[PDB]
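Colleague: Protein chains in written order, with the entry's author numbering: chain A, 338 to 405; chain B, 1166 to 1348, 1356 to 1750, 1760 to 2015; chain C, 923 to 971; chain D, 279 to 304, 325 to 415.
Before anything else, here's the structure in question.
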Amino acid sequence: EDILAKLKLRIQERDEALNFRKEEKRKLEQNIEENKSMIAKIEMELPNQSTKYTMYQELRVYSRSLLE
Amino acid sequence: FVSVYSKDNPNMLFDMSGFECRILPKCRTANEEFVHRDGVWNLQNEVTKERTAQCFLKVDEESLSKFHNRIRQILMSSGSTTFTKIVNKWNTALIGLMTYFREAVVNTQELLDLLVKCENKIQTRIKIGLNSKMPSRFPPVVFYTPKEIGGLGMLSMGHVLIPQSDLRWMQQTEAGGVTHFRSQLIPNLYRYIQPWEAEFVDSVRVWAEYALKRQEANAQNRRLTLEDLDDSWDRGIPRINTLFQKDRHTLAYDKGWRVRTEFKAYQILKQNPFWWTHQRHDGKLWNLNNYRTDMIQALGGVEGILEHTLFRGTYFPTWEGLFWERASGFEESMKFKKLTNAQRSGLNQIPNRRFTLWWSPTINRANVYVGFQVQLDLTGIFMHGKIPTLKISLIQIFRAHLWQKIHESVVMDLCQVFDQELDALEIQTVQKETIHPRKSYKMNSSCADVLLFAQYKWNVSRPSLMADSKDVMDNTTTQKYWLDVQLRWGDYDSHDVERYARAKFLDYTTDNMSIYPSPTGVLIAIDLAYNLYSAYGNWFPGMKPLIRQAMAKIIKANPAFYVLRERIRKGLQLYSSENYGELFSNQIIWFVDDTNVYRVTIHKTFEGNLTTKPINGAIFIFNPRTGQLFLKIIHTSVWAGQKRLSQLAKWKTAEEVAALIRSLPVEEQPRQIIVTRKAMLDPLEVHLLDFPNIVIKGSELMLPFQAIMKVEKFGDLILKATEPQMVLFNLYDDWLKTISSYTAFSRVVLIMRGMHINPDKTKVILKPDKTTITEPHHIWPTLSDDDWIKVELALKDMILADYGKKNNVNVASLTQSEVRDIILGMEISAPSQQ
Amino acid sequence: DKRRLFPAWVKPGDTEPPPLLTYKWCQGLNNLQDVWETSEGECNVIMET
Amino acid sequence: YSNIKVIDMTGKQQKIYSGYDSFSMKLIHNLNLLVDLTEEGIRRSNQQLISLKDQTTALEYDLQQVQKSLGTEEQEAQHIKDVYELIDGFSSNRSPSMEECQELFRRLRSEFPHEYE
Ligand SMILES: O=P(O)(O)O[C@H]1[C@H](OP(=O)(O)O)[C@@H](OP(=O)(O)O)[C@H](OP(=O)(O)O)[C@@H](OP(=O)(O)O)[C@H]1OP(=O)(O)O
């Protein structure tokens, strides 16, 4: 009947190792979504940079001609 | 010794190089057969390809005693010696025994019992060195933990069990509860050294197959491709990687080297354990990196180890990126210069202070045969034994009533929460009690610290934890509620703030001494060593989620914890290691370079020895937006009368540019200075304290301003200077009229990298037609805007060809961003280092 | 070494660490012809001094 | 400080000044065109950074597949059963008759054979 007491130990031990992997799952998911969030922000800038640059291409030509 | 094999005597005994050997011809006699002891060699008959006989190894009793006496010598030579120095000698002795004898040791049970005895003795030498005559306060983790985690890094050959209890860790939940976490023997070193049988048979096949792989290299006359051997690299009794040893054009001539290293015993008084090998001829015959990594795993991983240490008291967020300080000045130098045996042993104690402090929650754990509960004065710490230096170390942490100062701060920080929730909790008032100053560390009993009076009573829950999200909230009604806040300083045996908060609550609420003004309240507990928090008691509606939220906010930002945390860190010595478009913005920015400032030339003499002559140099200060260049020549007269010249040269670089900056109007002074050598940041900082508006940044990109000395307009000008004159230049030879600053800037970088590679090929590139000239009012040859592009392409190809030659890579493998970054000198070398 | 003064039995040679020497000994010993035969009373004696 | 030779080669004809003090007390439309030209490189640098961000998704997306979905969730699923198996093994026991012992060891040995041994 001591084995019954041993089980409560191994039950706690196993459950308490299980706690770590659960948290480990939470940590992995957290990193990915911040990147999803963060990278979502970065690709929103990609249009804006396209709009800038193309306008500068015109305004390069325009200013260079205008001042001459 | 004479040993005789016959039809009567079947064991052919012999004893060579310390290996006691018994041969049994198993084709003849059958007393033992193919038993899987590790240390039995199988004698393959070479012509019949049969296991005709077995050889049983042992370590001979002569070399047992040579080993035993080496451990005795280490124990005798202890005294005032650091624990690291002791175990470094143990490790060296143990590696020496093991890497020599290998599988002979494990067949020699009388050695293994000795190895257990010696290892335990080294441990006990450390235990008694910390005045701790008991097992419990010294569990395995203190010794075997690798020494970059501040353990001793002891190696083992014992079946040293790691207690299953000692692997747990705990982390604070945001809910205010605590989750325990987790992830057997400590590893024997023996499994990490390849046994000699495997080494020999693998050495035959490896060097045999190398001859075939060289026959391919011979047949094709190709380069001996190391890619053909990368699986073989750490094989062979001579390690095959010694074939590529850069010294090997000499090591071919060091003949008779093995006997030479043995006769050193008559020449050098210091015994050498690796007398039998030489890393340049044998190669390194063992590699123990896997032992270090696996040892962390056996001890529970970094999170499981660090609970045994005061790390959680630092409240660093993570272990990675932390480092341990060393300097050797004052630690060792002053003891060499000004020895005094009774006093200067306190300097040798500096690592032991750090070590004992670091392992405090283990070495001062309450689980003891005896000890005493010596409470530290003015403090809640208990000092269960007279551990030599932990007492003074902890006093310096909690100096000047820090224990009380913490407790009052958390009590009043709670007041500043209650003062803003009165109506929501239906509180008529909250009282900070007249807490007696002892109360913060009188551990045997307590008062209420904060008292709540209801507006018209609340219903009140049965006693429960802050982690218990559900409550029997209709159990009773009461209109007075108390909070008791109790600090704690845990140890690895006891830092569970959940069970602590319960047990102290249940005790005090039944104890007669407890000055509690109501039958219902909570006890709040804080483990100040682990930064854990908890609460237990009765709860009225809205109280539990407030304390849960409020307590975390306190732990995150309270100032009294911060001064404690810094004191722990400053005691542990343990510290944390913590743009291309910007150059052309409307600010004023100077690049500065110090590499050309102090220069020395070498020549032969009539004495045959060389001698050093200093020569004139220059500080190089360049504005990349405007192209303006300030070339402050530094003349050899400033080195006269001094000998610490290199540090003086660093000081004089920062000083002379500060003198220039201080003379110029603030509308022309920089606002950022970008410095091409990180060693120059700090003398500039201490010199530019008078101008806080200037930010100073390390360049991190590499700009080769050292190469400008190859330009004759600079070389002769700087060499032939008679005084430390200033010379002003512009590197943009009118380019800012016809091209932009960036391409003009990039052109300078292309030209500078070019002449750093080769001036003359650059001059060839800069002279595409022989009719081109350099005008005296210019620095570069006069070229058209398209001709400048043509020479830029030649410089770009020249840079990449030199890069490709230096790295064995095709230029066509490089993208437009990579070739740019190569021009910027960024760290492109391998993907494993970015 | 160039002139081959020492014959190959002179040990602390550059090519064997002493544990390999023990191996080449017992490897070379076992390779001897009829070395384990004792039918007619043949004996091996190894002498070390 | 006040009497150290300054040689000036920045202009088309040479000048000499007695020192820093004598030196220290001795368009923008075109400049802005140069600025305009630089901004073209800025988006070029950012597009290349966006290519690195593109590879950053490859790192992140393989962490989803390999690290979270395969490695973590699989070992989760296996051992979380083993917890409940071992809890179930604990549940089985107590005060049997003869046939209750048979059903116990039938149950224990058939269902939980590793734990039984
Ligand atoms: O490590 P052990 O030999 O099993 O002894 C411990 C120890 O007993 P002491 O009271 O004599 O020290 C514990 O005390 P600490 O090391 O924490 O000071 C105690 O914990 P409690 O004081 O809370 O009882 C624990 O008790 P338990 O087995 O219930 O955890 C108890 O075991 P024993 O009471 O059987 O000696």
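All C-beta atoms, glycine included, are put in the ideal place defined by N, C-alpha and C.
Counting only beta-carbon atoms, is residue 284/D nearer than 8 Å to chain B?
Modeller: So, interface residue.
Colleague: Any heavy atom of ligand 1 within a distance shorter than 7 Å of the CB on residue 1210/B?
Modeller: No; taking the cut-off as 7 Å, the Cβ of residue 1210/B has no heavy atom of ligand 1 nearer than that.
Colleague: State yes or no: is the C-beta of residue 1699/B nearer than 7 Å to some heavy atom of ligand 1?
Modeller: It does not: the Cβ of residue 1699/B is nowhere closer than 7 Å to a heavy atom of ligand 1.
Colleague: Quick check: what's the CA-CA separation for residue 1507/B versus residue 1521/B?
Modeller: Residue 1507/B and residue 1521/B: Cα-Cα distance of roughly 12 Å.
Colleague: Any heavy atom of ligand 1 within a distance shorter than 7 Å of the CB on residue 1724/B?
Modeller: No, the Cβ of residue 1724/B stays beyond 7 Å of every heavy atom of ligand 1.
Colleague: Assuming residue 1843/B and residue 1768/B make a contact with CB atoms under 8 Å, what is their CB distance in whole Å?
Modeller: Their Cβ separation, rounded to whole angstroms, is 19 Å, which puts residue 1843/B and residue 1768/B out of contact at 8 Å.
Colleague: So which residues on chain D does residue 362/A lean against when the C-beta distance must stay under 9 Å?
Modeller: By Cβ distance, chain D contributes 366, 370, 371 and 374.
Colleague: If we cut at 8 Å on Cβ distances, does residue 387/D have a partner in chain A?
Modeller: It does; some Cβ of chain A falls within 8 Å.
Colleague: Give the residues of chain D in contact with residue 352/A, contact being defined as C-beta atoms less than 8 Å apart.
Modeller: Under the 8 Å cutoff, chain D gives 381.
Colleague: Using the rule of at least 16 other Cβ atoms within 10 Å of the residue's Cβ for burial, across every protein chain shown, is residue 1996/B buried or exposed?
Modeller: The residue in question, residue 1996/B, is exposed, as its Cβ has fewer than 16 Cβ neighbours within 10 Å.
Colleague: Check residue 1630/B in the structure and name its three-state DSSP category.
Modeller: In the structure shown, residue 1630/B sits in a strand (DSSP, three-state: E or B).
Colleague: What are the complete alpha helix (DSSP H) segments, minimum 4 residues, inside the stretch 1845-1896 of chain B?
Modeller: Within the stretch 1845-1896 of chain B, the complete alpha helix (DSSP H) runs of at least 4 residues are 1862-1868.
Colleague: I'd like to know if the stretch 1492-1499 of chain B and the stretch 1734-1747 of chain B are in contact, where contact means that at least 3 CB-CB pairs between them fall below 8 Å.
Modeller: The stretch 1492-1499 of chain B, when compared against the stretch 1734-1747 of chain B, does touch it at the 8 Å Cβ threshold.
Colleague: Give the DSSP-derived three-state secondary structure of residue 1400/B in the structure shown.
Modeller: Of the three classes helix, strand and coil, the one that applies to residue 1400/B here is helix, per DSSP.
Colleague: Do you know how far the Cα of residue 355/A is from the Cα of residue 340/A?
Modeller: The alpha-carbon atoms of residue 340/A and residue 355/A are separated by roughly 22 Å.
Colleague: Report back the beta-carbon spacing between residue 1578/B and residue 1659/B to the nearest angstrom; my notes put them in contact at under 8 Å.
Modeller: Sure, about 6 Å apart at Cβ, within 8 Å.
Colleague: Less than 8 Å between CB atoms is the rule here; does residue 386/A satisfy it with respect to chain D?
Modeller: Yes, residue 386/A lies at the interface with chain D (some Cβ there is under 8 Å from its Cβ).
Colleague: Chain B beta carbons: is any one of them nearer than 8 Å to that of residue 353/D?
Modeller: So no, residue 353/D is outside the interface.
Colleague: Less than 8 Å between the CB atoms is what I'm expecting for residue 1523/B and residue 1480/B, so what's the real figure, rounded?
Modeller: Not quite, the Cβ-Cβ distance comes to about 18 Å (not below 8 Å), so this is no contact.
Colleague: Do residue 1217/B and residue 1192/B come within 8 Å of each other at the CB atom, strictly closer than that value?
Modeller: Yes.
Colleague: Hey, is residue 1539/B close to ligand 1, as in C-beta under 7 Å from one of its heavy atoms?
Modeller: Yes.
Colleague: Output the residue ranges of the beta strand (DSSP E) runs that lie fully inside the stretch 1472-1529 of chain B and measure 3 residues or longer, sorted by chain position.
Modeller: Complete beta strand (DSSP E) runs here, min 3: 1494-1496.
Colleague: Shortest alpha-carbon distance to residue 387/A belongs to which of 337/D, 287/D, 355/D and 358/D?
Modeller: The shortest Cα separation from residue 387/A among 337/D, 287/D, 355/D and 358/D belongs to 337/D.
Colleague: Would the stretch 1695-1705 of chain B count as touching the stretch 1445-1453 of chain B if we require 3 or more Cβ pairs under 8 Å?
Modeller: Contact fails: fewer than three Cβ-Cβ distances are below 8 Å.
Colleague: Considering residue 1533/B, what are the terminal residues of the alpha helix (DSSP H) in which it resides?
Modeller: Residues 1532-1535.
Colleague: Per DSSP, what are the beta-bridge partners of residue 1768/B in this structure?
Modeller: Answer is none; residue 1768/B lacks a bridge partner.
Colleague: Looking at the structure shown, is residue 373/A part of a helix, part of a strand, or coil, going by DSSP?
Modeller: Residue 373/A: helix per DSSP, three-state reduction.
Colleague: In this structure, what does DSSP give as the bridge partners for residue 966/C?
Modeller: BP columns for residue 966/C point to 1170/B.
Colleague: Where DSSP assigns a beta bridge to residue 1751/B, which residues make up the other side?
Modeller: In the model shown, chain B runs from 1750 to 1760 with nothing in between, leaving residue 1751/B without coordinates.
Colleague: Identify every run of the alpha helix (DSSP H) within the stretch 1220-1275 of chain B, keeping only runs that are complete inside it and at least 4 residues long; order them along the chain.
Modeller: Qualifying alpha helix (DSSP H) stretches, in chain order: 1226-1241, 1248-1266 and 1268-1272.
Colleague: What residue range does the alpha helix (DSSP H) around residue 1210/B cover?
Modeller: Looking at the DSSP string, residue 1210/B is not in any alpha helix (DSSP H); the run it does join, the beta strand (DSSP E), is 1205-1210.
Colleague: Out of curiosity, what's the CA-to-CA distance linking residue 1734/B and residue 1487/B?
Modeller: Distance between the alpha carbons of residue 1734/B and residue 1487/B is about 9 Å.
Colleague: Just to confirm, does residue 1665/B get its C-beta within under 7 Å of one of the non-hydrogen atoms of ligand 1?
Modeller: Under cutoff, so the answer is yes.
Colleague: Identify each residue in the stretch 1423-1435 of chain B for which the Cβ-Cβ distance to at least one residue of chain C is less than 7 Å, and report them in chain order.
Modeller: The residues in question are 1427, 1428, 1429, 1430, 1431 and 1434.
Colleague: Looking at the structure shown, is residue 1643/B part of a helix, part of a strand, or coil, going by DSSP?
Modeller: Three-state DSSP puts residue 1643/B in coil, outside helix and strand.
Colleague: Sorted by chain position, which residues of the same chain lie with C-beta nearer than 6 Å to residue 1491/B's C-beta, five sequence neighbours on each side aside?
Modeller: These residues qualify, in order along the chain: 1474.
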